[PDB]
>>> print(open('entry.txt').read())   # compact mmCIF, C-alpha atoms
# COMPACT_ATOMS: atom_id res chain seq x y z
CA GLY A 339 50.07 159.97 191.14
CA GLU A 340 50.94 163.73 191.22
CA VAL A 341 54.74 163.12 190.79
CA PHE A 342 53.76 160.81 187.84
CA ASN A 343 51.51 163.72 186.65
CA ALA A 344 54.08 166.57 187.21
CA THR A 345 54.09 169.10 184.28
CA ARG A 346 57.95 169.42 184.30
CA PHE A 347 60.42 166.92 185.88
CA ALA A 348 63.74 167.55 187.67
CA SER A 349 66.79 168.56 185.52
CA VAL A 350 69.49 166.01 184.43
CA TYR A 351 72.64 167.60 186.00
CA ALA A 352 70.43 169.20 188.76
CA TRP A 353 68.03 166.30 189.61
CA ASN A 354 65.84 166.91 192.70
CA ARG A 355 65.75 164.14 195.34
CA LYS A 356 62.50 163.40 197.22
CA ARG A 357 61.43 161.06 200.07
CA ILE A 358 57.86 160.13 201.14
CA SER A 359 56.73 158.10 204.19
CA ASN A 360 53.65 157.23 206.35
CA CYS A 361 51.17 156.28 203.59
CA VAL A 362 49.90 153.31 201.47
CA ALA A 363 51.27 152.55 197.96
CA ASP A 364 50.29 149.91 195.34
CA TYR A 365 52.11 148.80 192.15
CA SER A 366 48.98 147.37 190.36
CA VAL A 367 47.22 150.79 190.20
CA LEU A 368 50.61 152.44 189.33
CA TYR A 369 50.61 150.68 185.88
CA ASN A 370 46.74 150.61 185.72
CA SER A 371 46.11 154.43 185.85
CA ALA A 372 49.53 155.40 184.35
CA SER A 373 50.22 152.71 181.69
CA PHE A 374 53.91 152.21 180.65
CA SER A 375 55.83 149.72 178.44
CA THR A 376 59.56 150.59 179.11
CA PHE A 377 60.42 149.24 182.61
CA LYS A 378 62.96 146.71 183.96
CA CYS A 379 63.52 146.14 187.73
CA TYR A 380 66.65 144.86 189.57
CA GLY A 381 66.57 142.58 192.66
CA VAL A 382 62.79 142.95 193.42
CA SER A 383 59.78 141.15 191.86
CA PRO A 384 57.03 143.52 190.58
CA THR A 385 54.56 141.78 193.01
CA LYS A 386 57.13 141.99 195.91
CA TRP B 436 86.43 128.19 195.19
CA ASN B 437 87.10 130.91 192.57
CA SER B 438 86.27 130.39 188.85
CA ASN B 439 86.52 134.02 187.52
CA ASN B 440 89.74 133.26 185.55
CA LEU B 441 88.05 130.22 183.83
CA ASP B 442 84.37 131.40 183.46
CA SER B 443 84.27 135.27 183.34
CA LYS B 444 84.52 137.19 180.02
CA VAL B 445 85.75 140.79 179.47
CA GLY B 446 82.46 141.61 177.63
CA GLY B 447 80.39 139.62 180.21
CA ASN B 448 79.77 135.84 180.23
CA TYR B 449 75.93 135.70 179.83
CA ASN B 450 75.86 131.87 179.37
CA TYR B 451 75.07 130.74 183.00
CA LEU B 452 71.25 131.12 183.39
CA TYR B 453 69.54 131.85 186.75
CA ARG B 454 65.73 132.19 187.24
CA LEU B 455 63.91 134.45 189.79
CA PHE B 456 60.20 134.20 188.78
CA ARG B 457 57.86 131.22 189.32
CA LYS B 458 54.36 130.71 190.81
CA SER B 459 55.69 127.95 193.18
CA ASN B 460 58.95 127.88 195.23
CA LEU B 461 61.69 125.23 194.73
CA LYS B 462 61.54 122.14 197.02
CA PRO B 463 64.98 121.16 198.46
CA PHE B 464 67.09 118.93 196.12
CA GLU B 465 64.90 119.66 193.04
CA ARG B 466 65.51 121.44 189.67
CA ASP B 467 63.01 122.96 187.15
CA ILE B 468 63.96 123.67 183.49
CA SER B 469 60.46 124.69 182.16
CA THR B 470 61.15 128.28 180.88
CA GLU B 471 57.37 129.09 180.90
CA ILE B 472 56.37 132.81 180.51
CA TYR B 473 55.69 134.40 183.96
CA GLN B 474 53.05 137.20 184.14
CA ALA B 475 54.01 139.51 187.08
CA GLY B 476 51.01 141.83 186.33
CA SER B 477 47.28 141.00 186.86
CA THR B 478 46.67 141.08 183.04
CA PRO B 479 46.63 137.85 180.95
CA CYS B 480 49.96 137.02 179.16
CA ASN B 481 49.87 134.79 176.01
CA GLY B 482 52.32 134.04 173.14
CA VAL B 483 56.13 134.15 173.64
CA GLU B 484 56.51 137.33 175.79
CA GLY B 485 54.58 140.51 176.81
CA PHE B 486 54.61 143.72 178.93
CA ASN B 487 54.38 143.25 182.75
CA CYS B 488 55.50 139.61 182.08
CA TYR B 489 58.90 138.73 183.65
CA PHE B 490 60.10 135.52 181.91
CA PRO B 491 62.79 133.45 183.73
CA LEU B 492 65.57 134.45 181.23
CA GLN B 493 68.38 136.44 182.97
CA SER B 494 72.11 135.44 183.14
CA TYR B 495 75.17 136.58 185.18
CA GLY B 496 77.19 139.61 183.98
CA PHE B 497 80.48 137.76 184.82
CA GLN B 498 83.64 139.90 184.22
CA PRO B 499 87.15 138.86 185.40
CA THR B 500 88.37 142.09 187.13
CA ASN B 501 84.97 143.89 187.66
CA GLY B 502 83.82 140.83 189.77
CA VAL B 503 84.67 141.45 193.48
CA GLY B 504 81.73 139.82 195.35
CA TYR B 505 80.01 139.54 191.90
CA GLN B 506 82.87 137.09 190.96
CA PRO B 507 81.70 133.58 189.95
CA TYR B 508 82.40 130.79 192.51
CA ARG B 509 82.15 127.13 191.45
CA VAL B 510 80.60 125.29 194.40
CA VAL B 511 80.17 121.52 194.99
CA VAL B 512 77.82 120.31 197.78
CA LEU B 513 78.42 116.69 198.95
CA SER B 514 75.32 115.13 200.63
CA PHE B 515 75.11 111.51 201.91
CA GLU B 516 72.91 109.18 204.02
CA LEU B 517 74.45 106.72 206.56
CA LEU B 518 73.19 103.49 208.22
CA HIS B 519 69.81 103.35 206.36
CA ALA B 520 70.69 100.92 203.48
CA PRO B 521 73.54 98.37 202.97
CA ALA B 522 76.81 100.29 202.36
CA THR B 523 78.39 100.15 198.84
CA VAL B 524 80.70 103.24 198.59
CA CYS B 525 83.05 102.57 201.53
CA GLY B 526 86.15 104.10 203.18
CA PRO B 527 89.79 103.37 202.13
CA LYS B 528 90.16 101.44 205.47
CA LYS B 529 91.02 97.75 204.78
CA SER B 530 89.08 94.67 206.02
CA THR B 531 90.39 92.43 208.85
CA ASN B 532 90.20 88.66 209.63
>>> encode(input="entry.txt", output="C-alpha cells")
Amino acid sequence: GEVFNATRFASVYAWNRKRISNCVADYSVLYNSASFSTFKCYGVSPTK
Amino acid sequence: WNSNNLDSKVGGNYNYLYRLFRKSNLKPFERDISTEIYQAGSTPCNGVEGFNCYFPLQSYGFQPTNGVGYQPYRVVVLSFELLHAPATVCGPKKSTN
C-alpha cells in the first residue's frame, strides 16, 4: 500500500528497483483500496 | 511445420484468435466459441465490456522475421480408434483369396 501511496515515484532514466519477500499479498484489495482503470496483464490471470 | 511465410504479417497478423479466460476448463477433444464477457474481479460485469473484466478476445502478434519461438506453426493431430467397430477406412494392402 505504501509504495502505491508514495509521494514521489522513481525517475524515468533513473528508475529504482525494489524486491519484497516473506509476507502475504492480495490482488482483490489492491484494486479495492487503490481503484484503477488503466491496466492490462501479460501471461497471468488477475485471479492467478 | 512452419507457417510464418504464409500466415505472418509485417504489421502483425491479428486474425488467429486464442482465448485464456473461462470459468470452466476445456475437456479433451472439445471446442467452445461462446465469446461471453469474463469478469476477473469480484465486482458484477454487465453490458459488452467493463473494467476488471478480461473478455476472451486476444490474437497472435504474428510477424515473419520477429517470430523466433513466437513463429506460427501449423499443426495437425491425427487420432484414431482400432478394433472397436467394423473397419471402413483401411490400409492400401490388397485382399487375398
>>> interface_residues(input="entry.txt", of="chain A", to="chain B", cutoff="10 Å", atoms="all atoms listed in the file", output="compact mmCIF listing (two decimals) with C-alpha atoms, in the coordinates of the input")
# COMPACT_ATOMS: atom_id res chain seq x y z
CA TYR A 365 52.11 148.80 192.15
CA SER A 366 48.98 147.37 190.36
CA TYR A 369 50.61 150.68 185.88
CA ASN A 370 46.74 150.61 185.72
CA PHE A 374 53.91 152.21 180.65
CA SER A 375 55.83 149.72 178.44
CA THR A 376 59.56 150.59 179.11
CA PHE A 377 60.42 149.24 182.61
CA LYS A 378 62.96 146.71 183.96
CA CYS A 379 63.52 146.14 187.73
CA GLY A 381 66.57 142.58 192.66
CA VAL A 382 62.79 142.95 193.42
CA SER A 383 59.78 141.15 191.86
CA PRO A 384 57.03 143.52 190.58
CA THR A 385 54.56 141.78 193.01
CA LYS A 386 57.13 141.99 195.91
>>> atom_distance(input="entry.txt", atom1="atom CA of residue 491 of chain B", atom2="atom CA of residue 471 of chain B")
7.5 Å
>>> atom_distance(input="entry.txt", atom1="atom CA of residue 353 of chain A", atom2="atom CA of residue 367 of chain A")
26.0 Å
>>> residues_around(input="entry.txt", residues="residue 505 of chain B", least_positions_apart="6", cutoff="12 Å", atoms="only C-alpha atoms", output="VMD selection string")
chain B and resid 437 to 439 443 447 495 to 499
>>> atom_distance(input="entry.txt", atom1="atom CA of residue 483 of chain B", atom2="atom CA of residue 469 of chain B")
13.4 Å
